[PDB]
Structure formats: structure tokens, C-alpha cells
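Just so you know, structure 1 and structure 2 below are the same protein chain in two forms, each on its own as C-alpha cells.
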Structure 1
């Protein structure tokens, strides 16, 4: 009986209240569900994602205030797939992508699958991008792709558009601004910078943190139309099924009810962060649906013992709690107050 070692693999490849995944805990609207079931019924009975892209452009126009059309919009099965496609067109063998740590956007499987070398530059002690290092490294390394995540995961930190523009101007290739968590932030979108940096800027977005549509998922990006032409050369034909498209379309036409719940999540974040600081925790200012706090795996166990699952992102001294409904949020705040000591590391 055979193991992986026997196959010709490429050699380089050798409980109750859960606030640990960064998703919208609120139930979907009756009108959403109703539209969903009626749309599947119609599609189930049988009579490049143009319609979905119209809808995504509409959603972004109203969300960001930047007027875009389907020509600026590109959809895939998820954010990882959006990024894969961009790395295939603009990264890959002999090319590099540079990002700022800690970040969840540059998943290692993307490098391996696309053969793009990933370069990491540490954020500063405040978990914010250190602009002097950032611009020096980009100028040193001439990376083909620069990633900026804002708001950042796991830290929640936003980077100003002025700083983003700085990064774009020194960046020789493309820049992917990852706004997965942008819905929860009051700050303006980098979509406002597209007109000025058409050959460079791609704004990456997702429906999977704010929306909830029968377990649908959708990653998308906003860019100059030429970027759509580019990823069309690498995208898998019929990558996006009619079903996936339809269901994303339904979610997007009920986005008004979705944006009400993200408003509620955003207000609750401000609260949870403040209270953590009262309790004496050091909390990175956030504009996401989560908080990054501490000064840890032991602490993570403590919370779990009290029936509260948050996330250990493997970053020393800190843990990430995603904002939930208020009862969940208080239940978290209870555990955290009492969770505040040393203990040594063995081999």
C-alpha cells in the first residue's frame, strides 16, 4: 500500500459561542431567503459572469462612491482564487510578491501553486506599516507585486490612502490592495485611487465576511478594464458556475439589509475594543469585524474553558476575537476581564 513518497510529486511540494472565524453572525433577511429559493427554483427548472459583474459594480459604486461598471469588475469562486489568477498573470516563475507581516492575504499555497516567490517585510512595533522600511524594501527588491491589506488581518489596522499612494508610486509592477474587511471601516476605499493609477492598482474584495447566502462564496476585484483582459488569459473557463453566480447576485440585491448588520457589527467593535482597554489589554485600533489584543495559547485555552472560542493566529503575545452579536460580545468580555503572569518555553 502506497504513500505520497511513492508518487512523482514535484519535490519542492514535499462549543457554543464561536468568535474565531471572521464572518457575519446575523441571520439572513426573510426577503433574501425568499429571493434565493425562488431563484434556485427558477434556475433549477431549466428554461463571463456579466450580470454578476453589473451587480458587483453597482454594489461598489454605492459602497465606495466611485462610479464603476462591469468592465472594472472581475469575480471568482473566492479571494484565494482572485489572487491566484492575478499571480498567474503578473507573478509566477522568476517574479516576486512582497507583503507586510503579519498578514493572512499571502497564503503560502498561492506561492507554491503559482511559483511566485513571496517576500515578507515586518510591520512596526505598533503593528502598522513602517513606511520608511516599506518604501526602502520595495525600491531595493523591485517586487513585481506589492500587497497591502487594509483593514489588516489579524491586526485590524488600516493604512491611509496617502501612504498607499506612496507605496504605489515606488512599486514598479502592480499593487493589490486587499479590502476583504473594508465593509466594516469608515475610511475611504482605494477604489478612489484607480483613476490615477490605472496601470498599477487592483482593489481586491470579498463577500464572505459581510454577506451570507446559502454558503455561497465570492471573491472579486475592482480595476481598470485592462486588468480584466489580463486575468481572462489565465482564468479557468467556466470557473464560476451559474449557481454560484445566481446566488451571489441574490445576496447583492439584498445588500441594503446586509449593510445594516455590518453597521451593527462596526458599532459593537468600537465597544469591545474600548472595554478591553479598560480591562488593561493593549488593543490595536481596528476597522474590521475583529479585534487584535493581548500582551497566548494558554490564554486561548482559558477562553475556551469558559465556552468562548476565539482565534490564536500564532502571533506572540496576542489573540484575535471576531465581533459577534452583543450577547456573544459580553460573554467574551466577561472571560477576558477574568483572564487577567508568566510561564516558560521548553524543547
Structure 2
């Protein structure tokens, strides 16, 4: 009977734990920023017909460079952001996680550093470590926004190889203005990855509008997992100068994107207008949830995403368990006093708010 301790694991992996929210089958799941609406019937029927057409070629490797997918991603970005781009500017992988892994491999790695503004997406430092990129944590301000004076000073002092800016931010929900992003890009010596996972939830312009001005520095990361209602499809992408595609082609695993992954995303993309209509509904529920939390007595951080960061508990994890006891699974993001709730359909939000009303009285 052997254990992990008996295998010659890398030392730095000893005592580490596998990443991911608990997979708990409770009634109300508001913990991973998924769009709560199921894919449309029209989208599903299109997917079914598409699989029926392409399934007879599943014995063959997929198209290695995902050209058709990249064409359709470029068409989306051109329409969505107003910045003319083509497949040459687009690159796709298995989730943002793989996009970010590839970028870290090409531009981070041993002897290099990535800088982020904490608290932000927990996979950023995890992926940095996983690629042997040293992570530099710069604190956001007391309002949970980027403190630009500290940000610019620390970038200037550390000269990081990569800077992450997540906007809208996970977990806090705030947008870093494009003017502020420009200030950061200008001091950053290497590349800046602007993680726009939640961009569709904000009416303000995409960092794609800065690509023409900063081609040697700026990569804009996007996903189909959130607003695009397609997390199960595992499709992340970036938009950048075509030089960046050449870069990641050197580190990507050959045929990293399956035939079905490509074909499914293409289908989802041609139903984007209908699917993304859900952003309107979610924004209205975000407003309602945030206002109700404030009415209840909670400290709520303003958000431009599909989630709300709120506090202030003495023991957030106890509060988290108290929601869970009530059938509501939200996210403990490892931040003192605070939890993160995803905006769901109205019935889910009501259940969350009902639980929140009970829980504030427990003074946890």
C-alpha cells in the first residue's frame, strides 16, 4: 500500500492541494460564475446536426490551427468591440486556463516573473507557479480597486516580465479604466495580459481598442465560459498582434483543441446575439441582489460583472458553510471577511437572498 509520499514527486508539489471549488450537488449553485441559463434550443439543435455531420471524421486528427474557429472568433470580436481583427489576431485553447498556461510558457517561465494585483483570479498565481514563473503580488487598495500609485511604482521597481490586469476583476467586480490600463502598459517592460473573462458584462470598451497602440506588449484574454454560456465547451481565446500567435504555436500541444471543441464553439458563436441577450437579464438581477444585500446590512463592493463580492464576516468560511447548510453554494475566495456570489436566475437569487437574510442575524 503506497501513497503520494512514496512517489518521486517534485519537492515544490509536496503539501499542495488540487485546485477547484467543491463539486457539491446542492439545489442552488452560485459559485463558479457560470451563466445560469441553459444553452438555447436553437443552439442545441444546430450542435446536434453539426456533430451528426462531422462525427464520421472523428478518426482523423482535428484541424491543428483551428482556422475556422479563429475566423468566427475574430468576427465576434470585430462586432462586439468594434476593432477590426482577423484569424491572424486570434488564438484558441481549452479554456482561458490553457490560454494563460501557453502565454506563461512562452513569456514567463524559469528566471521570469509575473505581477498581479491581489485579490484577483486565483489561477493567475497558480498558473505562474505551475509554469515556474515567480508571482509578484501587489495589493489592491482598501476599496479593492487597483491603487495606481502603488501599481506603477512596483512595476517600475520590479520590471516584471508579465503583468496581469483582470477587468472586470474576479473576485471584486471592478473595472480598471482603459486610461489606467494604458498607464500600466507604458511602465510594463514585457507583456501585459488583460484578462477580460467578464468583459461582456461591462458596457465600457474592451482593451482590444488598445492593441493597435501597444502591439509588442498587449494580449487580451477572453473566454466563452461566462457571459457566453459555454463553460462546458472549455474555450478560451486571446486577441493580439499576429506575432503572439507565432509565439504560442511554439509551446502549444499539437492538436490541443479537439474536433468537437472547435465545431461546438463555432456553433455557439453563430448564436451569439441570442445567447448574449442573457447579459441584460443578469445585469438587472445583479442590481437587485446588490441592493437587497445592502438593505439587509451587508457591505457590498460595487460590481460590473456577473457576481457580487460582499462582507463583512468574522469568519467567512463559517458564513459560507451557513449558506451551504441552507442549500446555497457560493464561493469562499480565501479573502478575510468576504464571499463571492454569482448572479443566477431570479429563483436562485431569491434563495440566496433568503439565506443571506437569515445569516446576517447569526453575526458570523
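Numbering follows the first chain given and starts at 1. Think of the rigid core as the biggest set of C-alphas that the two forms share within 1.5 Å after superposition. Only residues modelled in both forms are compared.
Superposing on the rigid core, which residue among 253, 112, 141, 166 shifts its Cα by at least 2 Å between the two structures? Meeting the 2 Å or more criterion is only 112.
Does residue 207 shift between the two structures by 2 angstroms or more at the C-alpha, the core having been superposed? After core superposition, the displacement of the residue 207 C-alpha between the two structures stays below 2 Å, so no.
Would you look up how far the C-alpha of residue 7 moves between the two structures when the rigid core is overlaid, in angstrom? Residue 7 C-alpha displacement between the two structures, core-aligned: 3.2 Å.
Where the rigid core has been superposed, how far does the Cα of residue 186 end up moving between the two structures, given in Å? Here the C-alpha difference is 1.5 Å.
Okay, core lined up, where does the chain shift between the two structures, counting runs of 3 or more residues with each Cα at least 2 Å away? Runs shifting 2 Å or more: 1-14, 45-47, 105-109, 111-113, 210-215, 341-343.
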